[PDB]
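Shown next, in structure tokens, is the structure this report addresses.
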Amino acid sequence: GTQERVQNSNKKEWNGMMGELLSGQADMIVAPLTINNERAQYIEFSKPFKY
Amino acid sequence: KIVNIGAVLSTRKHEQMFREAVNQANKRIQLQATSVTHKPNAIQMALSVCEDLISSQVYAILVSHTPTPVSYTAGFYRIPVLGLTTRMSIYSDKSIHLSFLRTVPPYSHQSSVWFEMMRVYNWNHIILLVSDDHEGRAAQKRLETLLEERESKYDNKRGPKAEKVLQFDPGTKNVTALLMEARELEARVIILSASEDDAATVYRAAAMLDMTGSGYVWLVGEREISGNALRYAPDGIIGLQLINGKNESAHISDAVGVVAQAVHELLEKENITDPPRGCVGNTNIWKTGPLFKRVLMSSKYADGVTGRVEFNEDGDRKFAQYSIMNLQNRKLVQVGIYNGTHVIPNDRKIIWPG
Amino acid sequence: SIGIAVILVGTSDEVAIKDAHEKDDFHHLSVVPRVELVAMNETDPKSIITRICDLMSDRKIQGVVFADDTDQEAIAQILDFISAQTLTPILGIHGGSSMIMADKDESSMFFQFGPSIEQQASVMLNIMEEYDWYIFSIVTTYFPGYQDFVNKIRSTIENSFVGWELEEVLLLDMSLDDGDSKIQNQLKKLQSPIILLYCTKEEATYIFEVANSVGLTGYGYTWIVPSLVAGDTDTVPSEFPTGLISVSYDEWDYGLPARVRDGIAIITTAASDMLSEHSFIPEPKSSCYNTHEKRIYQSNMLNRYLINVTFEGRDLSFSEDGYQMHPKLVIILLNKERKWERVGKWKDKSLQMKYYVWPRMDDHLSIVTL
Amino acid sequence: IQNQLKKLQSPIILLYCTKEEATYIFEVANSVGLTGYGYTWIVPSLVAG
Ligand SMILES: *[C@@H]1O[C@H](CO)[C@@H](O)[C@H](O)[C@H]1NC(C)=O
């Protein structure tokens, strides 16, 4: 999941996995999913289930 | 110098009430009355009014049942207008009509019955629907304009939610898929404020797929609980209507009373030039047209038949009254609303859908 | 059958005579324009409809071009009303009948010249970007539009990887005469270099007269304003400070002849495409008001084929809502000569200024590298 | 004056004035609105006296 400014309109849109949730498609994300500062804005995360 | 006033359209059952009111003034500034009947193919109806009303140096205009370019025309020359019996909220603007000053609540502002029918039962989950037109688009804008409040300024208070809205055309075609996107959601409080012909089609298409059973809770607006709505709807709904509604004369008195109540406050400005007389051949502006329109924004007399006339910042009627309807098998019960601002109960049999 | 006219009404510019016949490539549009170029005197709404309908029923003009010279901000809507039940494409041109009119009916076909507030805001952002200072606070009044103004920023302050920011989006209220203790107190909470605005001249002079009493009009800040303060382009109410930037366009670019030539070209190019894509042309209706039997008739849909059309050249594409798709505007700095300059121009997302570095009205220096 | 001191930022401010002078300057401060919570003016006796 990243922020690709798709062509024909310079607008941000999440991609693939990290966007399959915010698009209302998914319900919950269990994965090796990382914790940056970017994603923490829109979606809320669990506690760290590893280090 | 006697001041004059004139009607617009089919108020044929009122031609004596205005005169009786005019007599009711100097015994409560010579005043009179005049009128005209509208005609189909409104194009000439626009022109057919000037050399008769803007000719006699009018000071106001009174319309009734789609008000004509009296919305537009009197704006030219800046002639303040106090119309009635018209609803569609497009006249909400201040830059499409220079002085449109309505005396009803316009079908948008009926928002706050909902937000005051939901924040008494502690509900917080909703959905919404509007159809592609300006009126509801305002109603959508209205509802999404209020729900920002009720936030935490009292010391960690919380409020309701505003779940995914929908949009659709006037809807000659099916609506299933749009609805199909809403079914699997986790709420039931549905609103739908488009129109009669829209409500009938949407109910006719919605009763096919059984999203219209129990648990659902509908809070519908005025023009969707009448007309063809009774020919295709299943009950349980919570409809809305006003306490005077489509009537004849409970209101011309209020009109002329608000008109006359300011004339004493006008005559002390030493700038009381009139609007010109004679529609044809005028290129200036009566420099107290918008002013005479604006000073009516403070007329405070409660002695109207439906008393307490007072216009909002938009100049439309404020502190109105409604009738919290309901549909049973075929009955239409009532409970009284707001006492003006609060909520009050009235003993009746409230059922919910199913 | 479709008549085409030009109707200049009451000004000092009766110049449209010797120039409307250099468009002789309209035989490729396979229609001859019945070019009646009446010119009426000063006209009133009674006379307005009088002349317009007399002509539409005698000169029988199935597409018109208007002009005027006055600050009458409602005339266009009257034609919109005419165009509705008469089904007449109409193009208000000169300042006046072409001013910004937001929401009209869905059935008519009346269009305009000039920028809608969307473009008149986006160019604001491009200005702020090109000179490398990034958006700061907005200030607004209750005048209609804001609920469509702040959205156009908050849908472009975001979809751009650049580093936008934001400040307190204020919202005033003026016409209360008891809350003068609640406006200065609302505008005493800004500490940003750039500050927008969106109001009308009456509230404009008032805010600036009270803003000057807050500490935001002199040196250091640069108020900017869209075209509504761009009205009578000769005023300097004493409470206005220098440096006030804006955006508009009135006459400095295109004169009336080519402008009315622009219009005739538009309408005739329209007459080309549909009547060349197909071979069906509108009908000569009987009257506009006193039909009394021809209020019930059929309607056509030419009003779709007037979106993607040019001058065999520059893009004169049109919307479905109605304003110039890619409009030609300018940018003006309020000089200390109490006049309005020309310090830019916009065309297809571009900016070219007579200045490289922005001047002042010396903590700023200019150093050389290799 | 009304715009001469609007670039002050430091959470402290000293001063040196007299009663009516002080009142004028404070009305100016309010008209700019830079004496809310956080700024803590400190004035000698000639205002106290
Ligand atoms: C409406 O009901 C409220 C409920 O507290 C009360 O103030 C009064 O009975 C009524 N009138 C007003 C103005 O609230």
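We did not get these values from a lab; they are worked out from the coordinates using the rules stated. Because the Cβ atoms are built from the backbone with ideal geometry, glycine has one as well, and the counts that use them run over all protein chains shown.
Does residue C:297 count as within 14 Å of chain B (Cβ to nearest Cβ) and surrounded by 12 or more Cβ atoms within 10 Å (Cβ to Cβ)? Steps first, please.
Details: within 14 Å of chain B (Cβ to nearest Cβ): yes; surrounded by 12 or more Cβ atoms within 10 Å (Cβ to Cβ): no.
The answer is no for residue C:297.
Yes or no: residue B:301 more than 14 Å from chain C (Cβ to nearest Cβ) and either within 16 Å of the ligand (Cβ to nearest atom) or surrounded by 15 or more Cβ atoms within 10 Å (Cβ to Cβ) (or both)?
no
Farther than 20 Å from residue C:219 by Cβ, surrounded by 11 or more Cβ atoms within 10 Å (Cβ to Cβ) and aliphatic (A, V, I, L, M): does that describe residue C:334?
no
Take the residues of region D:8-25 that are in a loop (DSSP other than H, G, I, E, B) and surrounded by 10 or more Cβ atoms within 10 Å (Cβ to Cβ): which is farthest from the other protein chains (Cβ to nearest Cβ)?
We begin by selecting, within region D:8-25, every residue in a loop (DSSP other than H, G, I, E, B); these are D:8-11, D:15-18.
So of that shortlist, the ones also surrounded by 10 or more Cβ atoms within 10 Å (Cβ to Cβ) come out as D:8, D:15-18.
Numbers: D:8: 11, D:15: 18, D:16: 21, D:17: 19, D:18: 23 Å.
It comes out as D:18.
Please indicate, with yes or no, whether at least one residue in region B:262-274 is loosely packed, with under 12 Cβ neighbours inside 10 Å and within 16 Å of the ligand (Cβ to nearest atom).
No, region B:262-274 contains no residue that is loosely packed, with under 12 Cβ neighbours inside 10 Å and within 16 Å of the ligand (Cβ to nearest atom).
Which pairs do you get when a residue that is within 10 Å of chain C (Cβ to nearest Cβ), found in region D:26-46, comes within reach of a residue that is polar (S, T, N, Q) and part of a helix (DSSP H, G or I), reach meaning Cβ atoms under 9 angstrom, with the pair 6+ apart or on two chains?
Between residues of region D:26-46 that are within 10 Å of chain C (Cβ to nearest Cβ) and residues that are polar (S, T, N, Q) and part of a helix (DSSP H, G or I), the close pairs are D:30/C:184; D:30/C:185; D:31/C:184; D:33/C:184; D:33/C:185.
Considering B:111, B:89, B:99, B:71, which residue is within 13 Å of chain C (Cβ to nearest Cβ), crowded, with 19+ Cβ neighbours inside 10 Å and within 24 Å of residue B:224 (Cβ to Cβ)? Before the answer, list the steps.
Working: B:111 fails: within 13 Å of chain C (Cβ to nearest Cβ); B:99 fails: within 24 Å of residue B:224 (Cβ to Cβ); B:71 fails: within 24 Å of residue B:224 (Cβ to Cβ).
Selected residue: B:89, the only one of B:111, B:89, B:99, B:71 that is within 13 Å of chain C (Cβ to nearest Cβ), crowded, with 19+ Cβ neighbours inside 10 Å and within 24 Å of residue B:224 (Cβ to Cβ).
With (1) buried (at least 19 other Cβ atoms within 10 Å of the Cβ); (2) within 22 Å of residue B:22 (Cα to Cα) as the list, and residue B:218 as the residue in question, which single condition is left unmet?
(2)
Of all residues in region C:183-220 being in a loop (DSSP other than H, G, I, E, B) and within 27 Å of the chain's Cα centre (by Cα), which is nearest to the other protein chains (Cβ to nearest Cβ)?
Within region C:183-220, the first condition is being in a loop (DSSP other than H, G, I, E, B), and the residues that meet it are C:183, C:188-193, C:196-200, C:212-220.
Applying the additional criterion that residues be within 27 Å of the chain's Cα centre (by Cα) yields C:196-200.
Working: C:196: 20, C:197: 17, C:198: 13, C:199: 13, C:200: 9 Å.
Ranking the candidates gives C:200 first.
Residues to consider are C:70, C:88; find the one that is closer than 18 Å to residue C:3 by Cβ, assigned to a loop (DSSP other than H, G, I, E, B) and β-branched (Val, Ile, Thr).
Within the list C:70, C:88, the selection yields C:88.
Would you be able to say whether some residue in region C:52-64 is surrounded by 15 or more Cβ atoms within 10 Å (Cβ to Cβ) and within 23 Å of the chain's Cα centre (by Cα)?
Yes - at least one qualifying residue is present in region C:52-64.
For residues in region B:310-354 being within 14 Å of the ligand (Cβ to nearest atom) and of a type in the set (S, T, N, Q), which is farthest from the other protein chains (Cβ to nearest Cβ)?
So the residue we want is B:346.
Among C:97, C:175, which is the only one that is crowded, with 18+ Cβ neighbours inside 10 Å and outside any helix (DSSP H, G or I)? Give the derivation first.
Numbers: C:175 fails: crowded, with 18+ Cβ neighbours inside 10 Å.
The unique qualifying residue is C:97.
Just to be sure I understand the filter: pairs with C-beta atoms under 6 Å, separated by 6 or more residues or on different chains, first member in region B:331-342 and more than 30 Å from residue B:231 (Cβ to Cβ), second member within 14 Å of the ligand (Cβ to nearest atom). Which pairs pass?
B:340/B:319
Could you please tell me which pairs satisfy a Cβ distance under 8 Å, a separation of 6+ or placement on different chains, a first residue in region C:359-370 that is of a type in the set (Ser, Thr, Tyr), and a second residue that is part of a loop (DSSP other than H, G, I, E, B)?
Matching pairs, first to second residue: C:366/C:357.
Taking residue B:257 as the residue in question, decide whether it is away from chain C (no Cβ under 14 Å), of a type in the set (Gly, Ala, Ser) and either more than 16 Å from the ligand (Cβ to nearest atom) or surrounded by fewer than 18 Cβ atoms within 10 Å (Cβ to Cβ) (or both).
Yes.
Give region B:54-72 a look and list any residue that's polar (S, T, N, Q) and either part of a loop (DSSP other than H, G, I, E, B) or over 23 Å from residue C:145 (Cα atoms) (or both), or say none.
Answer for region B:54-72, where residues must be polar (S, T, N, Q) and either part of a loop (DSSP other than H, G, I, E, B) or over 23 Å from residue C:145 (Cα atoms) (or both): B:55, B:56, B:57, B:64, B:66, B:68.
Taking residue B:184 as the residue in question, decide whether it is more than 14 Å from chain C (Cβ to nearest Cβ), loosely packed, with under 14 Cβ neighbours inside 10 Å and under 24 Å from residue B:203 (Cα atoms). Give the derivation first.
Details: more than 14 Å from chain C (Cβ to nearest Cβ): yes; loosely packed, with under 14 Cβ neighbours inside 10 Å: yes; under 24 Å from residue B:203 (Cα atoms): yes.
For residue B:184, the condition - more than 14 Å from chain C (Cβ to nearest Cβ), loosely packed, with under 14 Cβ neighbours inside 10 Å and under 24 Å from residue B:203 (Cα atoms) - is met.
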